[PDB]
Structures are given as C-alpha cells and as structure tokens.
Amino acid sequence: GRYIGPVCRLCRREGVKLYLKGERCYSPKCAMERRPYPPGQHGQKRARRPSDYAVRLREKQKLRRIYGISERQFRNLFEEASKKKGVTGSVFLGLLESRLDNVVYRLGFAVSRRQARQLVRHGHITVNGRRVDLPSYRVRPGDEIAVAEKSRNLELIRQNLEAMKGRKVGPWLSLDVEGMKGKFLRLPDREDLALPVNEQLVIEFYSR
Amino acid sequence: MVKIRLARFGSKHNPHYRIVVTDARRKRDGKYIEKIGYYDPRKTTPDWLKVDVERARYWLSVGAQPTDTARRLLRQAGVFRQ
Amino acid sequence: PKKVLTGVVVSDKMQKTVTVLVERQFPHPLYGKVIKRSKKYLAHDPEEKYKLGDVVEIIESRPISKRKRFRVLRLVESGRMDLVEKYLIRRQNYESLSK
Amino acid sequence: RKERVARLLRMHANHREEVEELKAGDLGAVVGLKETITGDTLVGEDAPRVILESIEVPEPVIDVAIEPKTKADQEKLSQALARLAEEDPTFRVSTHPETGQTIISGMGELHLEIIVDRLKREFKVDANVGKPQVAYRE
Amino acid sequence: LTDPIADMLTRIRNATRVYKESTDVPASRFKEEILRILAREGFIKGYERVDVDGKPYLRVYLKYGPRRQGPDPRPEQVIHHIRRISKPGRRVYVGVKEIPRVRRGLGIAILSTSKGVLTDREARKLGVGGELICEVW
Amino acid sequence: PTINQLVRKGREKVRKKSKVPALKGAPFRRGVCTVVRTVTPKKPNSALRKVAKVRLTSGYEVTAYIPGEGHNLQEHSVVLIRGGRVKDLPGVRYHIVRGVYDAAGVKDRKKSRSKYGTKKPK
Amino acid sequence: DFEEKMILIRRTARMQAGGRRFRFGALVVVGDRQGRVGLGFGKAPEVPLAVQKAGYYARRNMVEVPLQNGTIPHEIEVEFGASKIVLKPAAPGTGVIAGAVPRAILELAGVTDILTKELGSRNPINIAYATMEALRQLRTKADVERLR
RNA sequence: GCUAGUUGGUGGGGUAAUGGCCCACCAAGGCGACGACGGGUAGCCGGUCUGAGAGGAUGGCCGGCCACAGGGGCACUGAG
RNA sequence: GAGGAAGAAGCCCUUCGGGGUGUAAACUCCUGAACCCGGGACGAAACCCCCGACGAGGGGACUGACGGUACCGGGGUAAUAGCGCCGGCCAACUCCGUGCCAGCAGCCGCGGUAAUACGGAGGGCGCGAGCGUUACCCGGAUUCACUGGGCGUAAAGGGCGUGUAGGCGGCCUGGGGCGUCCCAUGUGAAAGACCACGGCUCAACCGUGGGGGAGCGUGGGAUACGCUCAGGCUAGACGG
RNA sequence: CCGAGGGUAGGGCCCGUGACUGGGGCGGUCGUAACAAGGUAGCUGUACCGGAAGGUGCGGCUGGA
Ligand code: SF4
Ligand SMILES: [Mg+2]
Ligand SMILES: [Mg+2]
Ligand SMILES: [Mg+2]
Ligand SMILES: [Mg+2]
Ligand SMILES: [Mg+2]
Ligand SMILES: [Mg+2]
Ligand SMILES: [Mg+2]
Ligand SMILES: [Mg+2]
Ligand SMILES: [Mg+2]
Ligand SMILES: [Mg+2]
Ligand SMILES: [Mg+2]
Ligand SMILES: [Mg+2]
Ligand SMILES: [Mg+2]
Ligand SMILES: [Mg+2]
Ligand SMILES: [Mg+2]
Ligand SMILES: [Mg+2]
Ligand SMILES: [Mg+2]
Ligand SMILES: [Mg+2]
Ligand SMILES: [Mg+2]
Ligand SMILES: [Mg+2]
Ligand SMILES: [Mg+2]
Ligand SMILES: [Mg+2]
Ligand SMILES: [Mg+2]
Ligand SMILES: [Mg+2]
Ligand SMILES: [Mg+2]
Ligand SMILES: [Mg+2]
Ligand SMILES: [Mg+2]
Ligand SMILES: [Mg+2]
Ligand SMILES: [Mg+2]
Ligand SMILES: [Mg+2]
Ligand SMILES: [Mg+2]
Ligand SMILES: [Mg+2]
Ligand SMILES: [Mg+2]
Ligand SMILES: [Mg+2]
Ligand SMILES: [Mg+2]
Ligand SMILES: [Mg+2]
Ligand SMILES: [Mg+2]
Ligand SMILES: [Mg+2]
Ligand SMILES: [Mg+2]
Ligand SMILES: [Mg+2]
Ligand SMILES: [Mg+2]
Ligand SMILES: [Mg+2]
Ligand SMILES: [Mg+2]
Ligand SMILES: [Mg+2]
Ligand SMILES: [Mg+2]
Ligand SMILES: [Mg+2]
Ligand SMILES: [Mg+2]
Ligand SMILES: [Mg+2]
Ligand SMILES: [Mg+2]
Ligand SMILES: [Mg+2]
Ligand SMILES: [Mg+2]
Ligand SMILES: [Mg+2]
Ligand SMILES: [Mg+2]
Ligand SMILES: [Mg+2]
Ligand SMILES: [Mg+2]
Ligand SMILES: [Mg+2]
Ligand SMILES: [Mg+2]
Ligand SMILES: [Mg+2]
Ligand SMILES: [Mg+2]
Ligand SMILES: [Mg+2]
Ligand SMILES: [Mg+2]
Ligand SMILES: [Mg+2]
Ligand SMILES: [Mg+2]
Ligand SMILES: [Mg+2]
Ligand SMILES: [Mg+2]
Ligand SMILES: [Mg+2]
Ligand SMILES: [Mg+2]
Ligand SMILES: [Mg+2]
Ligand SMILES: [Mg+2]
Ligand SMILES: [Mg+2]
Ligand SMILES: [Mg+2]
Ligand SMILES: [Mg+2]
Ligand SMILES: [Mg+2]
Ligand SMILES: [Mg+2]
Ligand SMILES: [Mg+2]
Ligand SMILES: [Mg+2]
C-alpha cells in the first residue's frame, strides 16, 4: 500500500515543498524551510548535471508523490488519459484530481491527503448519503460528498471544518460548510490549478 | 427440438440470463439461433426483462417449446394475452 | 449461384470430357502488383462437341466422377491454338527442368 | 512447506481401516502427503511451527569405495543413491578429496552388502567395489 | 520507353533543378490531362502542343520563386517533389476512403478514375477513386 | 530487388537460434553433478571459477557455473540450473540456482540474497 | 534573450611525436521557445571555450521554424548523408516524441507536439545538422499559395 | 519428376443422395517449377499478444468446426 | 493519521568545527484493519392446487447448496514489509575489507594496496504483498526494408553471349467492361476490442445500447488508367 | 471376395553410435611468408615441388611501380 514512510525527505530530494504534512508545512519547522537540499549523506554536495531522463523521472515522481498513490494505480490512470478524447495532460491531472480522497482534502475536511485517506477508509465520509470507504472512487460531476452524519460528532472534522468558514475551494467545488457537505461540479481545467508539475514531462516519461 | 430458454451469462453471484431460442441439444450457453431478450433475476435495474414479443410469437408458432420458467418470464410480459 | 468460369480446352483426349485451362488475376497480399494464376478443370462434354482451342465457359455442377465437377455452359471463342501452345510450350519446357 | 492430508489409515493384522482422526499420542498411517520424510515434524497450518527434536546418534563404522566402471553411467548411480539417501539416512555417500573415488560408508558389512547388491540388481549399475585407494606422499 | 508518364514528370523534375525556361515532353492526351492539372494547381505556368521535326510535343512552362539572399541565390522550387506512385511494375489503386493526403494538405496527388484525371481533393468531393498516378509538392 | 522478384522469391523470415538447447525449452532443469572442479577463464581475466559438469534430466550433460563464494556441491549433488552463459568461460551456458536441491545458499550473505539462495537474517 | 542547451560534448585527439594531444568539441542548440532556433559547433582546446564558441556560431546560424499551435505544418523527411530525420505533425495532446538531439532542437524551437524518428546513421552531430535542415524546409499554406 | 482405381467412359452395386465410393469392360489418360511427389512440423477459426502501422508471433481458458476415446479393424441397432 | 527538536540514543561520515539517517523514533492526542454481540439476505417464481375453459387473465402454496456468508447496526486493539538496484547504458555515493585472490558480468568491461564495477556497512534510487531471475513471443531490428534497404572500393553484378517460360511495353479512334473505382442489398453468430450509459460502496469483473470495417455473394452504374478485341499512324525496332 | 495384422524376402530415408582417421575453433618449438620497394612488388587461377610458412613455371589484375 501507500508510501507511509518518512515524508519530509520526499520533498527534500524533490527540490520543492510538496504540501504533504498539512498543518506543519507552513510552519517554519517544516524540513524544507531549514534544509532544502536532498536527504542523506550527500545533500550539500554540489549537484551533477541531471540527465534528460532524470529530469522526467524526478518530475514524474513529484506528481505521483503529491497525490500519494502507487506507481501501479498512477500509470493506469495516466494510461486512461491518453486514449480518452483530447489532451492527455489535463485529463490525467483531471482524472488524478477526480479521485475521491483528494477531493476530501481540497475541501479541507482533513489536513493532508494522508489524513484524508484515513477519513475515506474509516468510513467517515460519504457520497450522496451512501458511505464509501474506497480511497479510489472516481468522483463524477454532480456528487454529494458529505461527512457520515454519524461521524459528525467528532473532534477532528470539526477542527478542520471550523477552519474553513469562508476560504475559497477551487472554482469546481462548493463547500456548504456547517452541514459538512460539499459538491463536485467541474473536472478541473488545465489553468484551473497549479502544482509544481510540468504536465508534459510526465507524458514524455512514459513516451520512452 | 427447437427451444426458447434462458442461456446464462454474467458472473459469479451476478446472474444475467439472456433468454434465447436454440436447439435443445446445445450447450446452455452455446451457439444460439437468435436472441430474443434478456432478464436479470435479481432485478438490479428497472430493465430486468424485455422479451421481444413481436418475435417470441413467431417462434411459438413454428415450433419452439419453452422452459417452465421461460414462459414465467414470457407470460410475465404476456406474449400470451388474447 | 452456380459458379461460372472461362477457359481454353487444352485436352480433348478424354472420353466425353475436356481439360479447360482458367486464368484469374488478383493483386499480391503484400506487394500489390497484379498476378496471374491458372487452374485446369475437368469438364463434362456429354455431346463431345468441344475441341482444341475452344475457349469456353464452365458451370458449377453436380459431380460426374472424381474431380469432374463442372460442365461446359457454352462455346464462346474458338480455335485459339495460341493459348494451347501457351501451355504446351510451358508443359514441354519441363523435360529440361530435371536432373 | 504446506501439504494436503487427504485420508488416514490404520494397519490391522489382515486389513486396513479408514479413520477420520488420530488423537495426540497415537500412531497410524496417512495418505496424501508428498514432500514428507522420516525425521520431520508436522503441524496443523495455523500452529506453533515447531520442529520436533530430530534424533541423532551413530556415525557409520565400515567404509567401501565404489567404482562406476564405464562411465557415462556413473550417474545412473548418482541419481540412484540420492533416491536412496532419503530412503535410508544411515549410509553416507562421499567422494574422496584426493583420488576422487566414490565412497559409500555404512553401519556394517551386511548394511553395505544389500545396499550395494541393490545398487546393481535394481539399478543395473555398471560398477564394481572394494578397498579404498590410499592418499600417499613424497 | 517504358513509362511515358514517369518519363514526363521526370522530364519536369530533371529540367527544373537546372531551371530551364521550358521543357518538351513527347505528346499524349493523357499526359495533357495531367499537365492541365499541374498548371491548374500552380505548379507550372502552363503548356502548349508544339512540334519538333513533325512529332507532336508539349512544351511545359516551368515556374519558380524569387532569387533568394545569400551565397546560394538559386530560387526555391514550385514543384519541390513529384514521383510516380502507381507503376507498370506495381499498379497502385486506392478507394475513396483509401485516398492519401499529401503533405498535410499543401501538396497534391493526381489520380486516374472513371470520372477524369482528378486530384485528391477533387476525388474526395467527386466521391470516387483510382490509380494513384503520382504526388506533387 | 524488383517487385516481380519478391512476388517470385519472397523475403526470408529470420530464424533465431537457441543458446540454451539443453533446456529443451524449459525455464530450469535438474541435474546430478558428475564433476566439480574449478576452471581458469580467458584473456584478460585470471581466476579460478567454480564450475560443475552436470547431467541434465533432458539427458544432456552440460557444465554449469556456481555463483557466490564457497559452495557445498560435489559429485552426486542433485542440483537445479538456469539459462545464463558465463562470458569468460568456454562452454558454460547455464548457472546453478543457489538455495535449491543440494545447492546451498551462501554463508554470510546480506545484499542481493535472493540471487544467492539465502533466507533473511534475524 | 535565448536559451542554450549543450547537446554533445566530446574529446577528440590528434597524434604527434611523443604522444596524443586533445581538442574538445561541442554541439550546442540555442532557442526562444517562441520560434527562433540555432545550432553551432565549436571546438577549442578546453571544454568551456568551445561550449561558449559553439554558442557563438549557434546564434550566428538561426532558423525560422513557424509553429502551428506548437507543431509543424507538414510532415517532412530530410536526409543529411546517411543520417535521416523524420518529423510528423502531432495533436495538442501528444508531446515531444524525439531523441535527445532532435528533442533539444525541437523543444527550444518551442515545439510542444511532434512525432519524430531517427533512421540511418544516428550520429548526434549529423542527426542534429539534419533536424535543422528539415525545420529550415518547413512551409505553410501561405508560402505555398504565394509560390502558386 | 508423381500416377493401374491411376484419369476418362459405358454398365452395375451401394447409399438418405452425387461420385473411381466399390465392381467388370473399354479408352489411354490425370498431375507437376503457378512447386506435383516426398520429407519435416502443425488441429483450424472468433480471437489473443505485440506493433505507429504494414507486419510479426501465437491458438491455454470462452464460442464454433474438426478429430480421437489403451493400439487397430469392423459392423449392429437406430431419425441419427 | 495529526502534532512532535536548530534535531535523543546507537550507527554512518568527517578537514575533528561539523555532516547524515531525521519528524524518522520516542512523546501528545484523533481515528479504529482484525476481532466481540446483535440482526441477516437478493438469487424464488414457475412447475402444482383453487375460480375460469386443463386455454387468456386472476389468486393461493411449497422449495436456498453457497449461508448465518455478503451486507446492515452496536461495541472495538496501533495493528505484516519486503525485494531489486546504486561503473556507463540507468535514478541512486561513501567508508572499510580484499589485492588478477575471492568474486561480478546483459554488453562494454571491473579486480595486480588508495575498487562509486567484488564482499560488508551507512546512506541513496526504484517498486511495494510483492520484488528479482530463468525460458519463450513481438518490440526496439529501416537487421528480409509492402509501408521501409542495398550491391565501384564496406556482404553483394551472373566470365560473356544467344534465347525458352515469364514480367514489362510508343501515338490516335472505337467496341467490350476483365482489372480499378462508385451506390444499393445480403453475409460478415455470440463473447472480445472500441465509444456511451448502468449493476456489484470503487475497480477488476459484469449487464444494456450504439458504431461498424475488411472480405466474399447478388443488382445497378462509371470509363481514365491496366486489360482484351477491332481499325489507323510512324517518333521504337527491323529491312532496302 | 475383401480384410486387422502376423510372417518371408529385397529396397529407400532418417536418428544414435564406432577401433581409428580428417581437418576445424578455443587456451611452447622452428623458421619469417604478408604489412614500408617488407628487404624477390603484391595478389591471382592452375600446375609441380618443399618441415612450415611458401617457392617456382604459365597466364592474369593493380588493390604496385
Ligand atoms: S513539512 Fe510539509 S512541506 Fe516541509 S518538508 Fe515536510 S512535508 Fe514537505
Ligand atoms: Mg464509533
Ligand atoms: Mg510506450
Ligand atoms: Mg495451379
Ligand atoms: Mg462418370
Ligand atoms: Mg459409375
Ligand atoms: Mg537428495
Ligand atoms: Mg591478463
Ligand atoms: Mg582483466
Ligand atoms: Mg551430496
Ligand atoms: Mg560548418
Ligand atoms: Mg544515402
Ligand atoms: Mg551507435
Ligand atoms: Mg517560412
Ligand atoms: Mg451409376
Ligand atoms: Mg479411388
Ligand atoms: Mg476395374
Ligand atoms: Mg487399355
Ligand atoms: Mg507433407
Ligand atoms: Mg511424424
Ligand atoms: Mg499434432
Ligand atoms: Mg517498426
Ligand atoms: Mg519488422
Ligand atoms: Mg474452446
Ligand atoms: Mg482410431
Ligand atoms: Mg491412456
Ligand atoms: Mg478404438
Ligand atoms: Mg545543530
Ligand atoms: Mg544521532
Ligand atoms: Mg549530529
Ligand atoms: Mg509520523
Ligand atoms: Mg478509544
Ligand atoms: Mg429468496
Ligand atoms: Mg376447472
Ligand atoms: Mg454474526
Ligand atoms: Mg465468495
Ligand atoms: Mg462497525
Ligand atoms: Mg506507531
Ligand atoms: Mg531494478
Ligand atoms: Mg531503468
Ligand atoms: Mg547516474
Ligand atoms: Mg580515514
Ligand atoms: Mg584471500
Ligand atoms: Mg552485485
Ligand atoms: Mg579500497
Ligand atoms: Mg588500482
Ligand atoms: Mg560496492
Ligand atoms: Mg554495477
Ligand atoms: Mg515502443
Ligand atoms: Mg528480439
Ligand atoms: Mg539479425
Ligand atoms: Mg523495398
Ligand atoms: Mg543495409
Ligand atoms: Mg576486398
Ligand atoms: Mg562482369
Ligand atoms: Mg560459369
Ligand atoms: Mg517473350
Ligand atoms: Mg501485357
Ligand atoms: Mg499501352
Ligand atoms: Mg467490373
Ligand atoms: Mg461480433
Ligand atoms: Mg457505476
Ligand atoms: Mg454489445
Ligand atoms: Mg492495330
Ligand atoms: Mg493385406
Ligand atoms: Mg502388411
Ligand atoms: Mg494375426
Ligand atoms: Mg553410420
Ligand atoms: Mg613473397
Ligand atoms: Mg618478409
Ligand atoms: Mg617479398
Ligand atoms: Mg608490397
Ligand atoms: Mg602461382
Ligand atoms: Mg626436412
Ligand atoms: Mg621450388
Ligand atoms: Mg607472373
Ligand atoms: Mg598499396
């Protein structure tokens, strides 16, 4: 299953804050604020020119790592995109976004995808009033991404909810707070998002 | 002889028959002569039957004898109403 | 339908039967160029009226012996000994393809 | 490794009896097993994967060298006494450091006798036997 | 001679890369119908049915672009490329669905059919096909 | 070649040769050791490699490499083997699979244990 | 200004009495990503000099390449003496499907969506010089009609 | 280079039925470098796998046809 | 899972100042895979009996292997991680040991006292209930080249003619319509593949619908090119 | 009558193997033929000879002067 290990080292080699921890990432106690070189014995060693392939590897690993998904599940998604009509890039990221547990986090129900996954798994979320414990659910435009209202009386949903009374979830989303619902109206546009990922370099990865 | 019956398709604990006319002495799921409509016993979507009544007539007339639960689904959607 | 093909009689030396050479053309499955192939048919002449050079058509038919499953539908062109040699000169060419 | 135990026998005087179970502290016979050998523990699947106390004692007392005559059928013997060694675990095959001959070793004359006599009259073996060669020196 | 057609286009090609004002090819209706095309598509200025020692020829009036600036003055070509496709060795015949699509549009591929010596854009609109005669860009 | 020539002669499809014939198409084969000595390799190397000549159940006799440091193999060792030549060695075209049959794993092996037939150190 | 990517650095050698003397060579593509590219090959007795000299002739040798939405107007196939490069026009969703050599010279041509394939000698120099001449040969509906 | 039921014919047996399928007689034919005869290997297709494609490669499971039921030969009963 | 130090211990590295593993652990709290109780199926409505007419339509009854399982509800413990690789290709670097030994190896090659190429270690890269290897098929292989290759010197022009079969074959008009092209029609089973929707909490799996193509049979049609037949030329070829 | 097949006799094709023998691929002894005009220009088809590379005749090629 998921990567589960030490998770600062990830960004460290990745030359980029991937916001994986959630409540501590903004804190100046984060790893990347203090040591933004790669992990282990050779970080402050003067980097070597990165091969074209390194470049695409490193870059693909960046994304794959963000959504904290297996290389198996990831490629199968990416593979779906190509054959889907139109732009492999967008659609991937799209389909990559259109998966449950990353919804749950874009709607600040939980703090990181890591915390988000646990939410979905533990049944503490629901879609259309039906409980759904599967971190993979391809959420489709229209759905009613609740919280199990038997799981409404719980210290941690409250916490993260309460801290989302009027921040703005992406255009494609509608956090009806208080009642702990949400809604997924629109699979993202390319422009609709930013993450430290050149959407094309991944396509060039698997083009090998 | 020539027969109307349910040739099972689908999967394990996922029945999905496919009522059909074939030559008795086939394999159940064998080469059928002609499809005349499905049937989903567990009733998992509104359409768990759609006998092509226009047809089911033609076969009963030139020979086809049916399962004592093919009529059940055939009589259900009355190919039999006078 | 009963298949109809067309050819020259290359052998009348049979009793109530003739040999009828048939070319068909088509392109090569890989190389596209058009090729000829040909196939000699044993065809039923009940009235023994078909002779050499006799370009004729033959019709698919109910069998009359072994490998005689066509009969001649009609005389179409006659006396084409040039296609008779076009075969006999190849046929005869065989005597020098031995060892 | 894991094994199926299809049926359980019990040998009587004049008949075999089928049984459905053997309680602790009782002997009988099981059909089904395939990789099993004498000197081996055996437990139900989800149990303390313990190994029973092996056994252990006497080293062989008599030693006899065997010569594979000729010669592409030495190894008719090579696979012969590997079938043997899990059948009898008291003889001991060895090949000599110097001199390079094959040295079956045993629990006694008699023991070597039949083992040898088998090796031929049951495996054909093109071979003869006798006194081991001596590793000399200058 | 074995391929009058190839000879022709190859008279053009041969003559253009040395920038002859015109070139004469021996005559045929079928050759004209194709020449009619080159002109009508802007590959040549045009052609006429002249005469040498009383043997019907067609003069073909070639066409280029400007002189260019640099160490190579020589004008870019109007007919850049023009090769036989169907051939006496290998006949090539396309259906309408099969009809190829030259240089992503900017070139053509003349093709004999039972409705004239059209072009690829033409045949698609005239709904037929045939012996893919050559291709030009 | 002209188009007639290919109508005529065709083109010849390539026929690949096996480099492990003695496998008879198998993934691995079992054998009994007929000889276990060492051998020297060719220029520019220089060593004493540990080979075993092995009688296969396909009834081929072949000679196989033994990987690792130290082996427990000898005459009459029932062994299992795999495709894999050894470059420096004339006529070795298989390896012994370590940790199978009478093939021991390797004492004190820590990295790449799987390729040397070696269980995991507690 | 432009962007530079060295494509090929390499150390050749000449012979003279009492030993071999070297002479580093290097092949560098230069570009805008908006339509202007260039390739130059400088060789000096030291790596960087050449790497910078290659860049001098790089700018001193540029190419049009007119993009159609991040792609080429017409499939082209130029052979540069044994080396032969093939460029195909590709949809917005594809990518830069090329080598490293065509890949660089395509990326900094601001190509984003191409299909390519190196036949022949795949010598990086020669393949480079080839992908260049092929770009230089590109044309649009306009120039095509202009000439007609 | 292949061929004496070999290729054709008349007549007859046989079959649900055509036929050198089988039998008598007559003719002297039939096939072959477009590869006969012979030797090797193979159950065939829907498909499957790969490939940009053209193409290669492959036929387990599932669906269809074939073929065999320890090796052969036979016939019975029967709509079969 | 969230928090959790300018960052414990041990180990690794060091120019001996420090660097690394490392927020990783400990530690705080929050959720709660397993398990424990309680309920508990869809798959099964016909065959039959009853009114009717043994028909149409109506009504009544029996029957579940899997299964006390799926799922639903209550309670509810921090709860397996492993394999390959880290000279180049190819992503990942140091110390020690070894000293053409032991070994590695897919190819190039590496090992003869300072080995990022063997062996261990720390660290690192990649995958993750899997990771590697062996065998085989297609790919890379435009290296049997139809798409899409070649033959002066790299493998490759026959020692040279003459000619059989074969392949190919000038310019004009016409007949035929064999190739070739066009429309219609039949066939191209079901599964699969493909696009849409939907059933299992997702997916794999599975159901419904759509879209069909090649290829062949049949009918109609076109006539340029290829063919064929008929006639004419004289630029090829032959002859005086 | 045919007929499984059994037998008798003579052939043909393949596979395994064989005292001994032929060269071939891989990992010291004798000469120095080739590579510079390689110290006799080289190679060549053939022929005869010589421990060996080779030499020599005839004729050929330049990929030699
Ligand atoms: S804190 Fe969040 S952002 Fe900073 S390193 Fe750890 S994970 Fe990356
Ligand atoms: Mg609870
Ligand atoms: Mg790919
Ligand atoms: Mg034929
Ligand atoms: Mg007859
Ligand atoms: Mg008869
Ligand atoms: Mg053993
Ligand atoms: Mg050496
Ligand atoms: Mg060495
Ligand atoms: Mg042993
Ligand atoms: Mg220059
Ligand atoms: Mg070239
Ligand atoms: Mg190379
Ligand atoms: Mg321009
Ligand atoms: Mg009769
Ligand atoms: Mg017969
Ligand atoms: Mg007879
Ligand atoms: Mg006679
Ligand atoms: Mg055969
Ligand atoms: Mg056989
Ligand atoms: Mg077989
Ligand atoms: Mg390819
Ligand atoms: Mg190929
Ligand atoms: Mg099947
Ligand atoms: Mg049989
Ligand atoms: Mg049996
Ligand atoms: Mg039998
Ligand atoms: Mg500090
Ligand atoms: Mg510490
Ligand atoms: Mg420290
Ligand atoms: Mg943690
Ligand atoms: Mg609790
Ligand atoms: Mg029920
Ligand atoms: Mg009644
Ligand atoms: Mg219960
Ligand atoms: Mg189950
Ligand atoms: Mg519960
Ligand atoms: Mg814990
Ligand atoms: Mg790996
Ligand atoms: Mg890799
Ligand atoms: Mg690297
Ligand atoms: Mg030190
Ligand atoms: Mg040592
Ligand atoms: Mg290793
Ligand atoms: Mg060292
Ligand atoms: Mg050294
Ligand atoms: Mg190391
Ligand atoms: Mg290595
Ligand atoms: Mg590929
Ligand atoms: Mg391959
Ligand atoms: Mg090859
Ligand atoms: Mg070709
Ligand atoms: Mg080549
Ligand atoms: Mg030469
Ligand atoms: Mg010559
Ligand atoms: Mg000769
Ligand atoms: Mg001729
Ligand atoms: Mg002709
Ligand atoms: Mg003509
Ligand atoms: Mg027609
Ligand atoms: Mg279908
Ligand atoms: Mg659904
Ligand atoms: Mg369907
Ligand atoms: Mg005429
Ligand atoms: Mg007999
Ligand atoms: Mg016999
Ligand atoms: Mg008998
Ligand atoms: Mg012999
Ligand atoms: Mg000499
Ligand atoms: Mg000399
Ligand atoms: Mg000399
Ligand atoms: Mg010389
Ligand atoms: Mg001589
Ligand atoms: Mg002498
Ligand atoms: Mg002499
Ligand atoms: Mg001479
Ligand atoms: Mg010279």
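Bear in mind that the values in this text are calculations on the coordinates, not laboratory data. Ideal geometry is used to build each Cβ from the backbone, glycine not excepted, and the neighbour counts take in all protein chains shown.
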Residue match in segment A:156-178 (condition: surrounded by 15 or more Cβ atoms within 10 Å (Cβ to Cβ), within 15 Å of RNA strand I (Cβ to nearest atom), within 14 Å of chain G (Cβ to nearest Cβ) and closer than 23 Å to A:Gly68 by Cβ): no
Positions within segment G:105-127 being within 12 Å of G:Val78 (Cβ to Cβ) and either surrounded by fewer than 18 Cβ atoms within 10 Å (Cβ to Cβ) or not acidic (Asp, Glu) (or both), in sequence order: G:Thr116, G:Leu119, G:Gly120, G:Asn126, G:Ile127
Condition broken by C:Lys33, with the remaining ones in (1) over 30 Å from E:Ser86 (Cβ atoms); (2) within 14 Å of another protein chain (Cβ to nearest Cβ) satisfied: (1)
Residue in segment F:15-35 that is away from ligand 7 (no atom under 16 Å from the Cβ), β-branched (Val, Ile, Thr) and within 14 Å of chain D (Cβ to nearest Cβ) present: yes
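Quick grid of which residues meet (1) closer than 30 Å to D:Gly130 by Cα; (2) surrounded by fewer than 11 Cβ atoms within 10 Å (Cβ to Cβ); (3) within 16 Å of ligand 10 (Cβ to nearest atom):
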| residue | (1), (2), (3) |
| --- | --- |
| D:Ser54 | no, yes, no |
| D:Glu59 | yes, yes, no |
| D:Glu75 | yes, no, yes |
| D:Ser78 | yes, no, yes |
Residues that are out of contact with any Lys or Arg (no Cβ under 9 Å at 6 or more places or on another chain) and loosely packed, with under 15 Cβ neighbours inside 10 Å, drawn from segment C:5-27: C:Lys13, C:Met14, C:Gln15, C:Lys16
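Yes/no matrix, rows are residues, columns are (1) in a loop (DSSP other than H, G, I, E, B); (2) more than 30 Å from E:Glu131 (Cβ to Cβ):
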{"position": "C:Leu5", "(1), (2)": "no, no"}
{"position": "C:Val20", "(1), (2)": "no, yes"}
{"position": "C:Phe26", "(1), (2)": "no, no"}
{"position": "C:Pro29", "(1), (2)": "yes, no"}
{"position": "C:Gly32", "(1), (2)": "yes, no"}
{"position": "C:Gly79", "(1), (2)": "yes, yes"}
{"position": "C:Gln92", "(1), (2)": "no, yes"}
Residue within segment E:20-38 that is in a loop (DSSP other than H, G, I, E, B) and either within 14 Å of chain G (Cβ to nearest Cβ) or on the phi > 0 side of the Ramachandran plot (or both) present: no
Candidates C:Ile89, C:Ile35, C:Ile64, filtered to the one that is surrounded by fewer than 11 Cβ atoms within 10 Å (Cβ to Cβ), over 12 Å from the mean Cα position of the chain (by Cα) and of a type in the set (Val, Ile, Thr): C:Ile89
Residue within segment G:105-116 that is under 22 Å from E:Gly107 (Cα atoms), over 9 Å from the mean Cα position of the chain (by Cα) and away from chain E (no Cβ under 14 Å) present: yes
2 or more residues within 16 Å of ligand 41 (Cβ to nearest atom) and within 14 Å of chain G (Cβ to nearest Cβ): qualifying helices (runs of 4 or more DSSP H) within segment A:24-89: A:52-66
Some residue of segment C:42-64 being touching a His at 6+ places or on another chain (Cβ under 8 Å), away from ligand 3 (no atom under 16 Å from the Cβ) and farther than 30 Å from E:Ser86 by Cβ: yes
Pairs where the first residue, in segment A:182-208, is small (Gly, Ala, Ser) and the second is part of a loop (DSSP other than H, G, I, E, B) and surrounded by 17 or more Cβ atoms within 10 Å (Cβ to Cβ), C-beta under 7 Å, 6+ apart: A:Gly182/A:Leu107; A:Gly182/A:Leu175; A:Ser207/G:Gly95
Residue match in segment F:80-103 (condition: exposed (fewer than 14 other Cβ atoms within 10 Å of the Cβ), within 16 Å of ligand 10 (Cβ to nearest atom) and either farther than 24 Å from D:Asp73 by Cβ or without any contact (Cβ under 8 Å) to a residue 40 or more places away in the chain (or both)): no
Selection count where residues are in a loop (DSSP other than H, G, I, E, B) and under 23 Å from the mean Cα position of the chain (by Cα), scope segment D:101-138: 11
Residue list for segment F:20-29, filter: of a type outside the set (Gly, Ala, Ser), surrounded by fewer than 20 Cβ atoms within 10 Å (Cβ to Cβ) and within 19 Å of F:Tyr101 (Cα to Cα): F:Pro27, F:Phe28
Residue among G:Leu119, G:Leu138, G:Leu115, G:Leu106 that is more than 16 Å from ligand 10 (Cβ to nearest atom) and either in a loop (DSSP other than H, G, I, E, B) or closer than 26 Å to E:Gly65 by Cβ (or both): G:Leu138
Residue list for segment G:56-92, filter: surrounded by fewer than 17 Cβ atoms within 10 Å (Cβ to Cβ), in contact (Cβ under 8 Å) with a residue 40 or more places away in the chain and among the aliphatic types (A, V, I, L, M): G:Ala82
Segment E:57-79, subset within 14 Å of chain G (Cβ to nearest Cβ) and buried (at least 18 other Cβ atoms within 10 Å of the Cβ), residue farthest from F:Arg8 (Cα to Cα): E:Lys63
Which listed residue, of F:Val14, F:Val32, is surrounded by 17 or more Cβ atoms within 10 Å (Cβ to Cβ) and either more than 21 Å from D:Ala80 (Cβ to Cβ) or away from ligand 3 (no atom under 16 Å from the Cβ) (or both): F:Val32
Search result, residues across segment D:38-78 that are aliphatic (A, V, I, L, M) and more than 14 Å from every other protein chain (Cβ to nearest Cβ): D:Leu42, D:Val43, D:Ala47, D:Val50, D:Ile51, D:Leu52, D:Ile55, D:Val57, D:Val61, D:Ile62, D:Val64
Residues (in a loop (DSSP other than H, G, I, E, B), charged (D, E, K, R) and surrounded by fewer than 17 Cβ atoms within 10 Å (Cβ to Cβ)) located in segment C:38-55: C:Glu47, C:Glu48, C:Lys49, C:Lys51
Output for segment A:75-91, where each listed residue is buried (at least 19 other Cβ atoms within 10 Å of the Cβ) and either touching a residue at least 24 places away in the same chain (Cβ under 8 Å) or of a type outside the set (A, V, I, L, M) (or both): A:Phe78, A:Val87, A:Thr88, A:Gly89, A:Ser90
Failed item, numbered, when E:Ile44 is tested on (1) in a strand (DSSP E or B); (2) buried (at least 18 other Cβ atoms within 10 Å of the Cβ); (3) free of Cβ contacts under 8 Å to residues at least 40 places away in the same chain: (1)
